[PDB]
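First up is the structure itself, then whatever we jot down about it.
What follows is calculated from the coordinates using simple rules that are stated; it is not laboratory data. Don't worry about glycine lacking a Cβ; one is built from the backbone with ideal geometry, like all the others, and counts go over all protein chains shown.
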Amino acid sequence: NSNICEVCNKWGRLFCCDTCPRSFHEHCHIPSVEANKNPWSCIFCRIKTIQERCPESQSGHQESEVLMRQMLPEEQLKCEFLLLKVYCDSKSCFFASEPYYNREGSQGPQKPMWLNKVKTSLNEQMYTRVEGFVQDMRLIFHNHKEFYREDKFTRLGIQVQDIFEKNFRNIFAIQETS
Ligand SMILES: [Zn+2]
Ligand SMILES: [Zn+2]
Ligand SMILES: [Zn+2]
């Protein structure tokens, strides 16, 4: 197995996957690495299994259909993996914890949002449809773009949103378009 966490790329107290060489810190994995379970299979492995059991799940889908899906166990897992893929980028640090807003010439957002809040929301089964999760994820980057206006720091929101959207299209097998 790898000797660094797949998500944050640091060493430490690592839990190893039994079916692939990835390793994880306890709270870097989503969901947090389960207490017992031998063997244990990481979320990458669990997502690959879904795909293998239903090859047709990789045919193209419309976003509108995906968003209306109820959060049954497989869609819960897919949103957890998508959230983890965002954390895998180091620029996610900017969006992880609760933000605050005091900048001359800007007003803070009406509905602040952040990754750790989405994480808690998923853990507490607060989303009933994929749309709930995706709306909160997109709001993180929209709030950032609106608040930082012409500051070049706005680009960090564009960058991390792009990681989100690419992974959303991959995980949920959104139909490719130009
Ligand atoms: Zn880690
Ligand atoms: Zn694995
Ligand atoms: Zn099948």
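When all alpha-carbon pairs of the range 1-83 are counted, what percent fall beyond 20 Å?
Numbers: 1325 of 3403 pairs.
Taking all Cα-Cα pairs of the range 1-83, the fraction more than 20 Å apart is 39 percent.
By definition, a body whose alpha carbon gyration tensor gives a ≥ b ≥ c is oblate when a/c is 1.5 or more and a/b is not larger than b/c, and the chain fits this oblate description.
With the charge dipole of the chain set up from +1 on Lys and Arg Cβ and -1 on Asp and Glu Cβ about the Cα centre, the Cα lying farthest toward the positive end among the listed residues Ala173, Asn3, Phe94 is that of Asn3. Normalised by residue number, the volume inside the convex hull of the Cα atoms of the range 9-56 is 89 Å³ per residue. Ellipsoid semi-axes for the range 104-178, based on the Cα gyration tensor and the rule √(5λ), read 24, 18, 9 Å when sorted largest first. Note on the chain: GNM, Cα springs under 10 Å; of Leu72, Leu115, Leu82, the largest mean-square fluctuation is that of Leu72.
At q = 0.21, 0.23 Å⁻¹ the log10 of I(q)/I(0) for the range 109-150 amounts to -0.65, -0.74, computed by Debye summation with a single uniform scatterer per C-alpha, solvent ignored. Net length available on complete extension from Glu150 to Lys117 is 9.2 nm, with 0.36 nm assigned per residue and the Cα-Cα distance removed.
Once you have the Cα-Cα distance between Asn1 and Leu139, take 0.36 nm times their residue separation minus that, and quote the gain in nm to one decimal. Don't skip to the answer; put the middle values down first.
On the way: separation 138, 0.36 × 138 = 49.68 nm, distance 3.62 nm.
Gain on extension, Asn1 to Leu139, equals 46.1 nm.
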